[PDB]
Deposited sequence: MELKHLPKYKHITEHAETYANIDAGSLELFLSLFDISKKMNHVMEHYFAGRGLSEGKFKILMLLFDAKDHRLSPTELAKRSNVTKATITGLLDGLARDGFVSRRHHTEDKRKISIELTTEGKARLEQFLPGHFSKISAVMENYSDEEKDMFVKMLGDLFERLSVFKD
C-alpha cells in the first residue's frame, strides 16, 4: 500500500471552520483510518502467502492454545468473532486441507492434526518476530495507553454507524 503515514493538511484546515470540530481530532481519525486500510490490506496477503485466511488462522491459533489442542466448534465460534454457521464452513476447509480433524467422544470436538501442528510451529516464529518488530522502541506504559485509547475508539465508532 503506502510507505509513510499521510497527513491530511487540506481536510484539517477546512474542518476547523466547522463549529464543534478541532484539527488534531481529524488528523488522528484520518491516520487511524489510513492504518486500518493498510492493516487489513497487508494482512490479507500475508495469510494468503501461506494459503490461509484471517478466520482459518485464528481457528488454528485457538486450537494451538487449547489443552490437548481440542475445542468444540461452538466454542471456536465464541472464541473467535464469528457465528457457528461461519466456522462450520472454515472447519470444513481446514478438515479438507488436512490441518484439522473432526472427532467425536454425541458432541463433537475439533483437534489439530500433527501436520497442522507441525506446519504451525514452522510459521509462528517468523510471525512473532514481525510483530515484535512493529512494537519495537515502545515503552511499557506507552503500549497500555495506546490500547486504552483503542478501547474507547472502538466503542465510540458505533456512533459512526
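Unmodelled stretches of the deposited sequence, numbered from 1?
Deposited residues absent from the model fall in 1, 107 to 110, 167.
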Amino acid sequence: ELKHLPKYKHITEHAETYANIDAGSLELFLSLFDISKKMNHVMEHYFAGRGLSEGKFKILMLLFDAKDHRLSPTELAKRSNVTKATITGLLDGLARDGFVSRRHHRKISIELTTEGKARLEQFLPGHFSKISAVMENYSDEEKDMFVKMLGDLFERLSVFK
From here on, numbers count along this sequence of modelled residues.
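Going by the average Cα B-factor in the PDB entry, point out whether 152 to 160 or 2 to 10 comes out higher.
The deposited B-factors put 2 to 10 ahead on the C-alpha mean.
Going by the mean C-alpha B-factor recorded in the entry, which is higher: 35 to 43 or 65 to 73?
Taking the mean C-alpha B-factor of 35 to 43 and of 65 to 73, the larger value falls to 65 to 73.
I'd like to know which of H127, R96, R106, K58 has the highest C-alpha temperature factor in the PDB entry.
The listed residue with the largest C-alpha B-factor is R106.
What third of the chain does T88 rank in for C-alpha temperature factor, lowest, middle or highest?
Ranked within chain, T88 CA B lands in the lowest tercile.
Lowest, middle or highest third - CA B-factor, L30:
Answer is lowest: the recorded C-alpha B-factor places it there.
Please rank the C-alpha B-factors of the chain's modelled residues and tell me whether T114 sits in the lowest, middle or highest third.
Highest third.
Lowest, middle or highest third: which one holds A133 when the chain's residues are ordered by CA B-factor from the entry?
Answer is lowest: the recorded C-alpha B-factor places it there.
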